[PDB]
Every structure is written in structure tokens, then in C-alpha cells.
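Take a look at the structure set out below.
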Amino acid sequence: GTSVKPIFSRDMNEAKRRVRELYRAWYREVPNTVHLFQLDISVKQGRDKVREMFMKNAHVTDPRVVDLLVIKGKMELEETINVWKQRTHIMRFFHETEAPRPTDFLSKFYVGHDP
Amino acid sequence: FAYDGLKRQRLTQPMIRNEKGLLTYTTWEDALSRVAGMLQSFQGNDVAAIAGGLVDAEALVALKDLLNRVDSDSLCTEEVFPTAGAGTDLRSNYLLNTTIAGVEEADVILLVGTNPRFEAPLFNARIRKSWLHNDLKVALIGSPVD
Amino acid sequence: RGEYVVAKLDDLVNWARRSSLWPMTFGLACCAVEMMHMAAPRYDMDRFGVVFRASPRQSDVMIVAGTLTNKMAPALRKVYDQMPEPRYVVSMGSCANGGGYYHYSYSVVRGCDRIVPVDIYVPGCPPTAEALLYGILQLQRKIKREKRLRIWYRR
Amino acid sequence: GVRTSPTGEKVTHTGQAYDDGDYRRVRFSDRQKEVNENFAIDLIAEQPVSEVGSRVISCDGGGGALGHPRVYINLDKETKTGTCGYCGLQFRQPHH
Amino acid sequence: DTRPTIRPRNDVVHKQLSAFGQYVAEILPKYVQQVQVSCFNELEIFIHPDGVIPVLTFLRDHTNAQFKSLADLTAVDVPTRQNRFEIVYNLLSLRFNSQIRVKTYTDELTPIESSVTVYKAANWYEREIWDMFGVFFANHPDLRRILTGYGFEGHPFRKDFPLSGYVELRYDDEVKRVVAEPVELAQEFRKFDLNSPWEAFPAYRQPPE
Amino acid sequence: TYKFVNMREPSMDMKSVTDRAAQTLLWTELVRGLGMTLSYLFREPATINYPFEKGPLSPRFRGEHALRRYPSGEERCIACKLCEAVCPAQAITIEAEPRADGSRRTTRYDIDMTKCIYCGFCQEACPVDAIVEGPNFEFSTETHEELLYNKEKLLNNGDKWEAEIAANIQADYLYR
Amino acid sequence: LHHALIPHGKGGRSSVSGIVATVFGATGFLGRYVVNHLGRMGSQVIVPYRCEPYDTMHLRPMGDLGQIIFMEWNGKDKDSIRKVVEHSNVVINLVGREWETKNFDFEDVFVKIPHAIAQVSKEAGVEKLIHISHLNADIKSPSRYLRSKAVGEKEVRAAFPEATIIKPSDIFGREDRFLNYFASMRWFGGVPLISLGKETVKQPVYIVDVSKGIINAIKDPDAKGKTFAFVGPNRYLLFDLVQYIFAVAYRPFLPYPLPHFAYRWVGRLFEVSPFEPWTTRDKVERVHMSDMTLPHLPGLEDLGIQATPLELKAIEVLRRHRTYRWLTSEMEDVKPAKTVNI
Amino acid sequence: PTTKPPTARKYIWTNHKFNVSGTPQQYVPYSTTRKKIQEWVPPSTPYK
Ligand SMILES: NC(=O)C1=CN([C@@H]2O[C@H](COP(=O)(O)OP(=O)(O)OC[C@H]3O[C@@H](n4cnc5c(N)ncnc54)[C@H](OP(=O)(O)O)[C@@H]3O)[C@@H](O)[C@H]2O)C=CC1
Ligand code: SF4
Ligand code: SF4
Ligand code: SF4
Ligand SMILES: [Zn+2]
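Chains as they are written, first to last, in PDB author numbering: chain 1W, 14 to 128; chain 1G, 269 to 414; chain 1B, 25 to 179; chain 1R, 1 to 96; chain 1C, 6 to 214; chain 1I, 1 to 176; chain 1P, 1 to 342; chain 1q, 98 to 145.
This is the structure we're talking about:
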């Protein structure tokens, strides 16, 4: 049960090692993608956003899972730099069209009967 | 057949009294604002609650603490259990300690002040089944009800 | 008076616009081959005065014909954008109309009108070739009942 | 036949009726509220009541293959005249 | 056939395929866990995840097999199995006009080394099994998305993925660009529970468990 | 059996190569094409004059749906609810209700033309031939709303095309 | 609230919010965006229209089917307004022409029809009204625009006591006729700003800010009778926008002062065109007019919206006016204009 | 039909109509059912 297959990394140490340089690539690209995709957002909000999706799953301990998001996250940086994706495909991450969802208990209660 | 009752005279919106003192539909804001001011200004026995016939244990607990958060302990219900003696203290006093599923093996049952034909029809079904097979002796005091 | 003169001028523009539109069928699915079928000598759009024209900067009416997916969604809109005015889109088939047979799938936007302002909705799965030919006829009848110059006169 | 609502609004056979405000009514503005003038309930009620002297009569509904699944409705109830479920037209036995 | 309604069977192919099943069975008792020939003359080779190259390379170059045609490979997401995925290759032999099916089990995380070397037809046949299901294929040229939308999230063919998905598009005129929102349908799917409560054909009935 | 499609044996006699040189120099095979299309022009066309004449159809044609009624006139529909259960696109929505007479038919028969796919399964599903789908195909429109047919719309259309579909199922129910 | 107007859904396209808008003259710049915001949570708008339906074709894909109805309506006719406002929870007014017309004058488009729609809406039984005016609407202002706005403003306020009033300072966006108007000056040589435009201050407002501010006002129960005014986060001198938007468009900046009377002469000359005039005397002196700083009137911050900076959402609009030599140039090259703090 | 007249019915549309789309006698969809959840009717006159 505990003994299992190393898809790409034995230990969580080399898991971050795969996260590191991929973040470096996912850090370097921002000025060029923002340039040729012809957006309006600034580079810095692109930079701190890259942090944002690097954050939500920064809580798993299984080495296979984390490096599975490594290849998962490896799979859009080229989908962007070879202009395969669209402007609608990277503004999608910049969730903008929806009104701010409710955070306080009062706001949920006012809106409707749904947790 | 009670689902139709779900669709009759359904309370839908915050119903509060108008300038005359007549119920009208308004947003939530005024509804809980009205309760908030009156509950905070008053304090003690002057605030209390009356339970209904069908209330979840969730809401009962929800304002059991709320009534205590405003220092009130009179959390009353429709049906009356004599508080003399253990009352609400000992669970057995108001509990089917034998369990409905465990009435079949009983031999002589003494029903007191009830008409299980209409009080608990399903329980009356269970005792009837055990009456037919287990051959128990039923005994009810009070009105000669079927 | 000026109303009569502008009415004639509007009709003069009206007659050509309802007889010289060049559709661009954005071939998507089985609905598209039907539009090629009403290109066959059996129906022959060109006898009405319309020609299948690519380079949608030349076309006037553009026909979505088949299911429309999210992958196809953003590009299809851009085709509508640099499509010069006057521009009209005709919904070919149930899938382009309201998602049709795939209305509940995860990858097709229910109805093409969610992306572009559909002018004529043509029902069918697929709409038989002459049913679309009917829809094109309805387009010219609707084109006949416009008041572009008349509205500007009262503007 | 067809009746009319207080807002005119010819009420369909089902009984639909938009009330006074009912913002949804605005869709009928500049348009017409499509209602079928023929109402099934009173368009069959006036149909002649069949008089067949038997206990059980088939009710295929005319053109057996083209009609509706043939039933074998009973004719012994003298209080009311027994009708086919699908057909709706009424069979009664003359003095049974 | 004295009973034209029922489909006639063919035992001649049936036991010949059964003979070939044992044939491959004895060669690789380290890989072939299970061999099964069904009623309709279909042969199944249940293999271990490690065996995607050897048995397929065996089935492709052997003189008595000559199965070089990759018909298809597909996954069958079965939640109740500990190995949810079931990659099912299909092989066709021109020389013996027969069909061979091989199955390998997998979790979400356990990888399958790519069979591109064995069947180079399989190049594009993982780019969607990775898309639809999410089973990653090791040492493979490219694992790109070709069925799901660009940057789409999830593996839709997974049986835990909803029919309608999560994102619905619409052209937003505020930003002059189509954008995604949480899905909300005009009508919800009127699901039907059409499984009869009375037992079907007792031939494949499950044993008392 | 089989046959080869490109095994060609160009004879290398002085005769044959003359034709090959004649073929290349004088565009003989290209002239074959010109005379081929010229013969096509000298033929009649087959462009039907729509709408003054329309395509040839068949009694089994599947078109726009229309609920019918008995010769008495009461709606054939009895809300058996088969059609939506087989409807491959779930375009049929319906809720039955008690009626005053007791012949409790439906208060709702709403078929979404932009979801329906015109398989004709509804006809085969209906045991009383209530929902048939008529020969009309001109029911195009300009707004998506008018394709969400409702119980009233089907009933009106059934009363419209009643003259046509009655003969269609009359001449086709033996096949069915 | 009526049973059919109880809000539902997660605020999506096919969700129902119970708000029944009747936006007037939405076939324009800001009317486009409010409807787009109106269809966000599925509020059935009526959007009466007077132009050709083709010009109204682009408003369909902002709401579910049957959520965006279209009704023909004429301003001069009386029953035309009533036929679209009987069943409206709210009524939104946005009618306004920025130039003189033969059949409609500034007075007719700013006191005649807003009072008429307000009085029928109160007569019909509407619950709210959002009549928009200009932040610069002064009864004795030199511009015919602002004085006409002012007289109508007291007219609708008197006609409808509870009519919430919106007065945005100046609207800048994709087709604002404000930023593109300045960019269009390139075709006529240098910029004809009077006295180098060194004596005029404006505070522009983004569309998303004001358009949202409408439906926060709609959902706010305390907005009845208020007079909200919407201003941007920073003010700028007139000469402070011109070179900035020229620089962000990378066009050759050529300021050129000239007398105001000749500036009026140019405005009149452009008015003689039978089609839509490029500029008119009204906007001639409206540009050089400087907005107030009144803080007593509640702002968009009161409802809970922050006013986005002019420099932040500018690349979206001014990118169009750039040439091929600057179509890919970012806004890092340009710098924010010299804001005049309050 | 001149030689095979269609069968006559009481409900068959006596006057056939063309398509009515884009015209004031258009079709407009509307729910044919009846509202099922009805509100609790507020009583009138007294207070406490
Ligand atoms: N910076 C700015 O421009 C600001 C403007 N405002 C005010 O906002 C209002 C609308 O602005 P905006 O939407 O950008 O303007 P647009 O010119 O883009 O649109 C104006 C709208 O008014 C309609 N309209 C005008 N006159 C009539 C009439 N006589 N009868 C019927 N409809 C009529 C137009 O119809 P159609 O499309 O057919 O012409 C159009 O829908 C105006 O009053 C304006 O002064 C407020 C603050 C700032
Ligand atoms: S509407 Fe029918 S025929 Fe047309 S693309 Fe969809 S499924 Fe195919
Ligand atoms: S033809 Fe009938 S059964 Fe088939 S999708 Fe259409 S309505 Fe449903
Ligand atoms: S139309 Fe026919 S199949 Fe559909 S519900 Fe009615 S009786 Fe049943
Ligand atoms: Zn019958």
C-alpha cells in the first residue's frame, strides 16, 4: 500500500526542484506574452497571479500529485508562447466578468438558500 | 397524502406589520433589523420562545444558545411534560426505552391515555402485527376507542 | 416631397441588398454539407443572385451551420467582427439554433446566438436544402422591410 | 369556445391567466397570445352519446390500426355513461 | 439456423482462439494474468501495467500472431474498482483476420509508459486518453490537449465529471471577448431511473456476496 | 477477388510514343475536357424554381411537429409520457394534470425546435398517434423564442396541417 | 414583492433577479453597457427603440432568450412610452443627443421626454426611476447642453420625487465621443485647443464604474430620491489629457492655441453638414468648461464602487487609434498624466 | 385535391396562413401550466 511508483520524482525535495525552474519559466514569460497577445493587464499583476495558482495547491504532500500539477502546469506555458491559446484563453484566468461572490454569512443568507 | 399542504398558504417573504399593524412583504433588511433592536433592548425573562409541532433539532439548538446569549432560559414547547420529578433530566422519563422494534416480544401492554389508531398509526400497526403472531394482551384505559 | 425621394433611394439600395448578398457558410458539421447540397444544380443559390464567397471581408451574410463548441467559439466571433456591415448571421440547424442534440454536453455553447446576433433562425436537423433556401428568402423579405434612409430622415 | 381574462388575454383550455401586473405579460405586447380557439373539453362534451346494447363494447376509436389501442370498457354502470380513456366519447347502454 | 431470431454461434473460431489464448499464456506467465474468450469469439488478454511494450511487441512481430494493426486503445473509468482506469488496446492481424484485446489497470497517478515505439499509430491515441480520462502516459513525445478546449480544466470522460461541465461561454460586450462563467442551464437534465427492479438475464448474475 | 488500378504498360513502339508526344504537345486530353464541359452546357439544367416549385418529397417525410385530434376533435394525447422518455434530445417537456371531465390530459406539451432533432421517434412512441410531425419545413423564424413550441402552438399547427398529415399517415400506417 | 419577481439563481444569464428594466435609448454608448450589466444576473429589460432593428441587432447576445424584448417607441407620441412601462419594476432613462437635430432640440431631448416618461412611470405604478443628467448641468451655464439638462433635472425631480438622479462628470470608453474625439483631431493638423487648454479641468469616469453604479443604485433601497454624482479618482487639466492620450496613442502631439471666437466659427461650420456633425458649438465650449468639486452630493463610493483610474483602462480604447508602428506598444512607454489633486 | 378532396373536419383551419415571423401576429412562447405555490394571503383589519 504505502510502497508506490515514482511517476517522475522519488521525493518531495525534487518535486519542488521541478516546481522551481518551471516557476522560473512561468516567471520569465510574462513580458513577452503580455506584449504579443495584446492585452491590457500589467506585467506585475501577471507576475503575482502566477503566484496565485502556484498557491492553492501548495498544500499536497504526495510527491506524485504535486509533480502531476508540474506537468499539468508545464502544459500551458508552451500553449501560450506558441500563440496556440487565445486572448479569451488567458483572460479566463483573470476572472473578471462575474460579480464578487459573497464571503460573509450575511451575504449568502441574503442572496439565497444555498451554502 | 400531505404534499398538497406544502403548496397551500406558504409563507414566502419577510412578513412584517405595516404602519397600521398589518402584515406586508418587505426585504429581509427591515425584518431582522426589527428583531435585532427589540431583542437587544430587552434582556432576561422578557424574551422567550415557544416551540411548535414540527421543528428541527437544528433550530432548537440554534436559538437555545441565542436565548441564553440574551440571558433567557424559558424555552417552552406546546406539549407539556410534568417538570415534577426528573422530568427533562432523566432520558427514560420521556423515551420508548423498549424501542418500537422491541415491542413484539412483550406479552401484556398497558396503553395509558392514548389512541394509537390515530396518535401513532405506525406504532399501532406494529402492535397489531405482534398481536396477531406473538399473541400479546393489549390493555387500554380511557375512552372505548377502536 | 423629401419623404418620397428618400423612399425611392432607400428602395434602390434595398433592391440590391436583397439580391446581391454573398453568403459565407462557416462550415461546421452535417449542416454544412446540406448547404453545399443547395449549391448543387438542384437548387443553385446563384440563380437568385448569391455566390459562395470566401474571405469574409467580402461576404454580407454569414451562415453558422452545425454545432458550435467553446474551442470554436472565440474564433467564430472574430469572423463576425471583421465581417463588414451590413452583416447578418443565419442559424443553420438545431445545433446552431439552440445546441440541438448536444444541448447538454460540456463542450458546445447552447445556441449560436450566445456569441453573435442571429438574424434568422432556421430549424432543421439538418434543415432540408430548400428549407434553408426558404430562410434565405425570408432574409431578403426582412431586408425589404427596413427603413435605414427613412430613419435617418427622422433622425 | 374560449373565454376572456379581465386583461382580455383569452384564457387557454388549461386555464392559464396572467394576473394584473405579472411583468411577464410584456412579451404579448406588440404580438399576439397564441391560443387555440377549439377547446377539447367542450368540443367533445356535446358529441352524441353512443347507445349500444351490450355489457362490453370495444372502443378502437375508428380506423382500428389508425385509431387508439382498443379498450373493452364496461357497460353496467347506470349512474353515468362509461367512456373510453383514450377516446373520451361516452358509451351508454339503452336501459342496459 | 432453426431459430432465425437468435444469432448463430461459431465454435470453430471459438476454441481456435481459446487455443491461441493458452499459446500466448504459456509464453508470458509473468504478464498475462487473465485470458478470456467470450461467447462472440472475442479474445481478451488481461495484462499487467508493465507489459505494454513486451506483449504488444510480441503480438506485433510473432510468426504465429502477426497483430500489427492498432485498432484502438480506450479507458473504462470504473469508480468501484481501486484501479479506476482500464486501458484497452485492440489489435488486428491481417494474416489471421483476428482481433486481440489487451487490458491494463491504472490509478490516477500510476503511469503507463507510452506504446509509441510498439505502435506509432498510438501517438495521437494518448493525447485524448490523457484529455478525456487523465491517465498520464510516460516517455511519450507530446501529451497535448486536442479534444478539450485550450486551457480547459478537468478530464470530462471521468464518470465523476458532470455532463454539462462547469464553464459556459458567452460573448461579453463589456470586454469585447467571449468569456466563461459557472454553468447554469435553461433546463436541467431530467435524468431517468430506467433500471428495472426485477433481475435481468440470470446468466451473468453476480454470485451471493 | 481484386483488381489492380494503376498497373500500366506503356508500349514503347514508335507508333504509341507518337500519341504520347501528340498528347503532350497538342493538349488532346485537355481538349477532351473542353468538349466534355461543352456537352454539359448544351444540356438542360435541373434547377427547380423555388418557391414556384419545390423538391420532390415522400409521405414518410419528417418536418415540423403538430399535435392532432380525433375525428370527434378531442386531443389524441393522453399524457402517457412515452415521447419524452425516448426523445433523444429531451426536447419534449410535459406535465399531466387532472381535468374537469376526468379525461385528464396534459396542461403542457412544449417541444423545443432548437433542441429537437427530428428523428421521428415521438411518432413511433405515441400509442395514439397524437404527436406526429408534419410535412412542413418553412417554419423558419427570426427570433429564437418562436421556436420554443408550446401546447397551444402544437395544437394550432395540428389544426392547420390536419388536411395533410391525415392522408400521410393514411398512406403510410401500413408500412409502420 | 410579486411572486413572479422573487430573485433566483446565482446571478447568471438564465437566473431571474426580479428587476424589470425599461432602459430608454439604450442603442447608444452607455445604454449598451448597462444592458450588458443588466443581463448579467438575468433582469428582463424592455429597451424601447426608435431606430432600425438592425442597429439594435447587437443587443441580443446580452441576455437569455426572451429576456431582452424590443418594443417600437416614439418620443413625441404619448402612449408610446406607456406601452413599455406598465409592467416595469424600474425605469431607466438615458435619452440624449449631443448635437442639434431638426426634429429634436436640446430642450426637447432633455426636459420634454424625460418629464413625460417620468410622469407616465409614476402614473403606471413604477417603483423606481434612474434619470441621468450631467455633473456639469448648470441652469445658467453657457452651454445649451448643461442648461437644458438642469431645467429637465428639476422637472423630473418635481414630477418624480423618488427619481434617483445620476450626474457623471464625463464618460470615457470605447466609443465615448470624448477620447476618440480628441484622437480624431489629427486629421485636421494641430490640436485646436483655445489658449493651449491650460485653464480647464475634467474628471472622467469609466463605463464599467458608472454602468455598475446604476444597478447598485437599483438594488439599494435608500437611493430613492437621491442625487448621486459620479466622478473619477483624479482630475486633470485639459492640456493634461491631450498630450497624454496623444502619447498613449503615440500620435504626433501638435498643440495649437487659437481664439475662442474662431473656435466657435469652426464649430458652426462643422454643423452645416446634413449628416452627423463632427463637432458643434455646444461641445466647443463644453470641452473648455471645468467641472465642479462638490462633495455634498453622494458619489459612487457610497454605493460601494471604486472609480477606476483613467490611465488604467485606456489601453483598451486608444489602442485602436494607434498606427501599425505602435499597435503593440504597451502603456509602460506612456506615463500617467499630471493629476491635479483636490 | 380537386379529384381527391381532403376529409372535412370541424377543427381544420378554414383559412390557411403563411409564416407570421417578423410581423405583429408573431408567435410568442409562454408557459401553459398554472402557478402552483401560492402565497399565504395576508389577513386584514386587526392588530393583536
Ligand atoms: N460624456 C458623455 O457623453 C456623457 C453623457 N451623458 C448623457 O448620457 C446620455 C446618453 O449618452 P450616450 O448613450 O453616450 O449617447 P449616444 O448618442 O451614444 O446614445 C443616445 C441615445 O439616445 C437616443 N435618442 C436620442 N434622441 C432621441 C429621440 N429624440 N428619440 C428617441 N431616442 C433618442 C438614441 O437613439 P439612436 O441610437 O437611435 O440615435 C440613443 O439610443 C445623454 O443624455 C448624454 O448627454 C452623461 C454623462 C456623460
Ligand atoms: S442540427 Fe442536426 S444536422 Fe445540424 S449539425 Fe446539429 S445534429 Fe447535425
Ligand atoms: S423527433 Fe420527437 S422524439 Fe425525436 S427528438 Fe424530436 S420531439 Fe423528441
Ligand atoms: S403525445 Fe402521445 S406519446 Fe406524447 S404524452 Fe401524449 S399520448 Fe404520450
Ligand atoms: Zn376509445
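Ideal placement from N, C-alpha and C gives every residue a C-beta, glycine not left out.
Whole-Å CB distance - residue i paired with residue j, under 8 Å assumed
{"i": "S141 (chain 1q)", "j": "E142 (chain 1I)", "result": "Wrong, their Cβ atoms sit about 49 Å apart, outside the cutoff."}
{"i": "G120 (chain 1I)", "j": "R62 (chain 1I)", "result": "5 Å"}
{"i": "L48 (chain 1C)", "j": "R106 (chain 1C)", "result": "7 Å"}
{"i": "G299 (chain 1P)", "j": "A229 (chain 1P)", "result": "6 Å"}
Chain 1q residues whose Cβ lies nearer than 9 Å to that of residue i
{"i": "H3 (chain 1P)", "result": "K132, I134, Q135, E136"}
{"i": "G33 (chain 1I)", "result": "The contacting residues do not exist; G33 (chain 1I) stays about 45 Å from chain 1q at best."}
{"i": "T351 (chain 1G)", "result": "None at all; the shortest Cβ gap to chain 1q is about 30 Å."}
Of the listed residues the options, nearest to residue i (C-alpha basis)
{"i": "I166 (chain 1P)", "options": "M292 (chain 1P), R320 (chain 1P), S211 (chain 1P)", "result": "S211 (chain 1P)"}
{"i": "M185 (chain 1P)", "options": "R268 (chain 1P), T279 (chain 1P), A124 (chain 1P), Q119 (chain 1P)", "result": "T279 (chain 1P)"}
{"i": "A130 (chain 1I)", "options": "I78 (chain 1I), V86 (chain 1I), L148 (chain 1I), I111 (chain 1I)", "result": "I78 (chain 1I)"}
{"i": "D143 (chain 1B)", "options": "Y125 (chain 1B), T93 (chain 1B), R111 (chain 1B), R41 (chain 1B)", "result": "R111 (chain 1B)"}
{"i": "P102 (chain 1q)", "options": "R176 (chain 1I), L174 (chain 1I), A167 (chain 1I)", "result": "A167 (chain 1I)"}
{"i": "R70 (chain 1R)", "options": "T83 (chain 1R), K77 (chain 1R), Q47 (chain 1R)", "result": "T83 (chain 1R)"}
{"i": "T293 (chain 1P)", "options": "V340 (chain 1P), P274 (chain 1P), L310 (chain 1P)", "result": "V340 (chain 1P)"}
{"i": "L61 (chain 1C)", "options": "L174 (chain 1C), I134 (chain 1C), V93 (chain 1C)", "result": "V93 (chain 1C)"}
{"i": "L135 (chain 1P)", "options": "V126 (chain 1P), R147 (chain 1P), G125 (chain 1P)", "result": "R147 (chain 1P)"}
Proximal residues of chain 1P, C-beta to C-beta of residue i below 7 Å
{"i": "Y72 (chain 1R)", "result": "Within chain 1P, no residue comes near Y72 (chain 1R); the closest Cβ sits about 46 Å away, beyond 7 Å."}
Contact list for residue i against chain 1W, beta-carbon separation under 9 Å
{"i": "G213 (chain 1P)", "result": "Those within 9 Å of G213 (chain 1P) in chain 1W number zero; the least Cβ separation is about 13 Å."}
Near ligand 7: residue i beta-carbon under 8 Å from a heavy atom
{"i": "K95 (chain 1B)", "result": "Of the ligands this structure carries, namely ligand 1, ligand 2, ligand 3, ligand 4 and ligand 5, none is ligand 7."}
Residue i: contacting residues in chain 1P (beta-carbon distance under 9 Å)
{"i": "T295 (chain 1G)", "result": "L1, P221"}
Closer than 7 Å at the beta carbon, the chain 1q residues around residue i
{"i": "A163 (chain 1I)", "result": "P103, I109"}
Beta-carbon neighbours of residue i, restricted to chain 1q and to distances below 8 Å
{"i": "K166 (chain 1B)", "result": "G119"}
Cross-chain neighbours of residue i in chain 1W, by beta carbon under 7 Å
{"i": "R182 (chain 1C)", "result": "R100, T101, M104"}
Next on the checklist: Within 8 Å, do at least three Cβ pairs link the segment 152-172 of chain 1I to the segment 65-76 of chain 1I?
Outcome noted: yes
Item to check | At least three beta-carbon pairs within less than 8 Å, the segment 52-65 of chain 1P to the segment 87-98 of chain 1P | outcome: no
Next on the checklist: So, does the segment 163-182 of chain 1P touch the segment 307-323 of chain 1P, judging by three or more C-beta pairs under 8 Å?
Outcome noted: yes
Checklist entry - If contact means a Cβ-Cβ distance below 8 Å, which residues of the segment 151-169 of chain 1P contact chain 1W? => result none
Item to check | the segment 45-58 of chain 1W: positions lying closer than 9 Å to chain 1P by Cβ | outcome: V47, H48, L49, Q51, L52, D53, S55, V56
Next on the checklist: Give me the subset of the segment 134-156 of chain 1I whose CB atoms are less than 7 Å from a CB atom of chain 1P, sorted by chain position.
Outcome noted: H144, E145
Checklist entry - Can you find at least 3 beta carbon pairs, one from the segment 247-261 of chain 1P and one from the segment 105-124 of chain 1q, that sit closer than 8 Å? => result no
Item to check | Positions along the segment 271-290 of chain 1G whose CB lies within less than 9 Å of some CB in chain 1P | outcome: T280, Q281
Checklist entry - Which residues, taken in chain order from the segment 73-107 of chain 1I, show a beta carbon closer than 7 Å to some beta carbon of chain 1q? => result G73, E95, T107
Item to check | Cβ pair count under 8 Å reaching 3, the segment 87-106 of chain 1W against the segment 175-183 of chain 1C | outcome: yes
Checklist entry - Are three or more beta carbon pairs between the segment 160-171 of chain 1B and the segment 34-48 of chain 1B nearer than 8 Å? => result yes
Checklist entry - Taking any Cβ of chain 1W, which residues in the segment 325-337 of chain 1P have a Cβ under 7 Å from it, in chain order? => result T328, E330
Item to check | Proximal residues, the segment 45-56 of chain 1I versus chain 1B, C-beta separation under 8 Å | outcome: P45, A46, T47, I48, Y50, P51, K54, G55
Checklist entry - Which residues, taken in chain order from the segment 42-61 of chain 1P, show a beta carbon closer than 8 Å to some beta carbon of chain 1C? => result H58, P61
Next on the checklist: Tell me whether the segment 82-90 of chain 1I and the segment 109-126 of chain 1I touch, counting them as touching only if at least three CB pairs, one residue from each stretch, are closer than 8 Å.
Outcome noted: yes
Item to check | Where the segment 67-82 of chain 1P meets chain 1R: residues whose CB sits under 8 Å from a CB there | outcome: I69, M71, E72
Checklist entry - Going along the segment 145-164 of chain 1C in order, which residues come within less than 7 Å of chain 1B, judged by CB to CB distance? => result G154, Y155, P161
Checklist entry - In chain order, what residues of the segment 11-39 of chain 1R put their CB closer than 8 Å to some CB of chain 1P? => result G21, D22, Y23, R24, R25, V26, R27, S29, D30
Checklist entry - For the segment 101-114 of chain 1P, which residues have a beta carbon sitting closer than 8 Å to at least one beta carbon of chain 1B? => result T101, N103
Item to check | Inter-stretch contact (C-beta, 8 Å, three-pair minimum) for the segment 41-56 of chain 1C and the segment 107-118 of chain 1C | outcome: yes
Checklist entry - Of all the residues that make up the segment 114-143 of chain 1C, which are near chain 1W by a beta-carbon distance shorter than 8 Å? => result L114, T115, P116, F141, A143
Item to check | the segment 138-158 of chain 1P in contact with the segment 102-117 of chain 1P per 3-pair CB rule at 8 Å | outcome: yes
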